[PDB]
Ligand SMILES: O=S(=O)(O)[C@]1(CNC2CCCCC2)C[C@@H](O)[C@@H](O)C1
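Below you'll find only one chain, the form deposited without the named molecule, shown as structure tokens.
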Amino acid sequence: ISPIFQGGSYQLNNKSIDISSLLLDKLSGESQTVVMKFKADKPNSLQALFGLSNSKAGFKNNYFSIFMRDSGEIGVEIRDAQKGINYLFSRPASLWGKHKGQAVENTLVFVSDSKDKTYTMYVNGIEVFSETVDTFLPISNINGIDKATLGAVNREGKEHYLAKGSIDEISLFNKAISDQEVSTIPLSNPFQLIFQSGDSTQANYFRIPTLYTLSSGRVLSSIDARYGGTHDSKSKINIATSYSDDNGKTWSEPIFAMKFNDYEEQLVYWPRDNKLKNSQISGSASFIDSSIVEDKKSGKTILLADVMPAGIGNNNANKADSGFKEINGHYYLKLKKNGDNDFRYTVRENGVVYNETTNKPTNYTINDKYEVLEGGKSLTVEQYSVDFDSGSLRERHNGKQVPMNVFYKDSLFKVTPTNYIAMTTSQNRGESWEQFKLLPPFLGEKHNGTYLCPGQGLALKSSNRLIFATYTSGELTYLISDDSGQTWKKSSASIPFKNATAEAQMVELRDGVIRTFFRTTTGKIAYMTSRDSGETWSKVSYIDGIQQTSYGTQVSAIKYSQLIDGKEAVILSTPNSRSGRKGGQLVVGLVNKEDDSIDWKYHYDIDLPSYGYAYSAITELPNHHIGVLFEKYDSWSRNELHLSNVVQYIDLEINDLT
């Protein structure tokens, strides 16, 4: 239908604008829709963009506001002292500030709907909240409203929450518009979604993005499709992938690289109240932290991830147990049968389940998908679903039968409650993925598996050598294959930390010279150098000019192909902050051929220093633009848990950085 009111080009310079004379008489009925295109790249800590208030003395709490914080959060307030109603709905990390230097125009759509009794907010096409109340307060039935304000809320005749930005365009409607209509509002988005709520993964949440340009020009991406909110394992998490054949302008409908079936794939809205936000899926096996490379020789595409048996994450993973028993040079996967309190079985050659005590093989075997067969017959378990209908989290058998897998809770045979690493391959560049294979122990029979560094593995330009960085207590443990991933050898590089999350990423500065940048506990990014193609490693140094937080953040890096100011160039993606995971940057370094030192010459501000930026993926797109897929939020912050569509992708050019 038609806007009862429409205005545009409002400047918010810490002075509010009065539009009462225009809007207040238009307002009628109990349903309204605000549509607001606005810019704010230098906002104050807390500012109101829009306000409906009772400016009369004695009614400071009778108002409606649409506000933002300089954290990127957006919210509304609906308050009536006489009615006894005080509503505040919001979401962190809902905004953009700047992109490529210019300020971003955000597209805000707030719906107030008296039929479903529901407040819904969309920003830049994404639904950031939708709240139902039992007692609905139409934004226009607030007692004694006499003001309509932009850039403030007019309380008791003063300008509260003074704003800094602009509203290019604002429309008002005496209707609550439908979803379908909402989707037809044009956007000015500086970004796109590759993975997103409601897509084929059915995961409502995503974390830990990766990017890799393949030899065909196809760009591939892998990610954590996280179902139980944005929690680490333990949870349900699958590895999803999607590709682009047109330099990241469009992306394929995602498919699974690694998935488990013990729990259903459920698009669940996870509770954000303090009483319930730490609810965590506790019976599911899961995957977490993927890394990808292309192998020249085979043409194969290779993906690794951490594997977690039902109910397992890194905080409770059995350290001091690789999950394998060594029998004469060979590592065998161990199993526990129900009723036993010790592990008495192994998976020998041809997946035969052998009893270690009796020394007789058994009538059970383990297939390639780690499913259990008895006497050649496939066994099954019942699937679980999660819900919050009882007011708290509840995992329960949903009726469906799925292949019994030794990583599952209900399995008759179970692996060691510890962390594993697995690989899968694609012969077709992301179109399908093989059944994953578990990797062997690297640091011993009685030492838990290491942790895959998420992002890219490295394909050395002058051999068939493939390296995947992993970490454990006290060292990076690089995994090396010279045979297209069929076999693997470890290369240990000690670091001066214990229990650090040393997420690492490598660049080749020239033939056989590998620089790795990894996350520390120091507030600085560290690095080390191999000069014999990852055989041995230098001592640890640190970069000054970038700061991280004490707990740090994942860092992605690539060796750029074109020269920049005449030099070889390495690009770096990281939050630059000591407060939290915000202030994202791409940092450009020129290499000094004399000594292989790096002069970090350019810093690109991805967005505002106060807006969230966490784990990231960069890649050189086939047209020499830079593709960036990142967590646009503070994935550490306890206040920013469980947001949808905060992992976003952008296209940058080199000159944008310089």
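Residue positions are given as counts along the sequence shown, with the first one as 1.
FYI, the form deposited with the named molecule bound isn't displayed, but the following is about it.
Asks: Using a 4.5 Å cut on heavy atoms, which of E620, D41, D70, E30 is close to the named molecule in the bound PDB entry?
Replies: Looking at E620, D41, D70, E30 one by one, just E620 meets the 4.5 Å heavy-atom criterion.
Asks: Which one of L476, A526, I558, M258 is close to the named molecule in the bound PDB entry, taking close to mean a heavy atom within 4.5 Å?
Replies: It is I558.
Asks: Hey, in the bound PDB entry, does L172 get a heavy atom within 4.5 angstroms of the named molecule?
Replies: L172 lies outside the contact set for the named molecule.
Asks: So, in the bound PDB entry, is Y205 in contact with the named molecule at a 4.5 angstroms heavy atom limit?
Replies: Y205 lies outside the contact set for the named molecule.
Asks: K490 versus the named molecule, in the bound PDB entry: is there a non-hydrogen atom within 4.5 Å?
Replies: Taking the distances in the bound PDB entry, the answer for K490 is no, it never comes within 4.5 Å of the named molecule.
Asks: Do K461 and the named molecule come within 4.5 Å of each other in the bound PDB entry, heavy atoms counted?
Replies: Yes, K461 is a contact residue.
Asks: Okay, which stretch from 620-628, 47-55, 594-602, 32-40 lines the named molecule in the bound PDB entry, with non-hydrogen atoms inside 4.5 Å?
Replies: Only one stretch passes the 4.5 Å heavy-atom test: 620-628.
Asks: For the stretch 205-232, I need every residue with any heavy atom inside 4.5 Å of the named molecule in the bound PDB entry, listed N to C.
Replies: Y212, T213, in sequence order.
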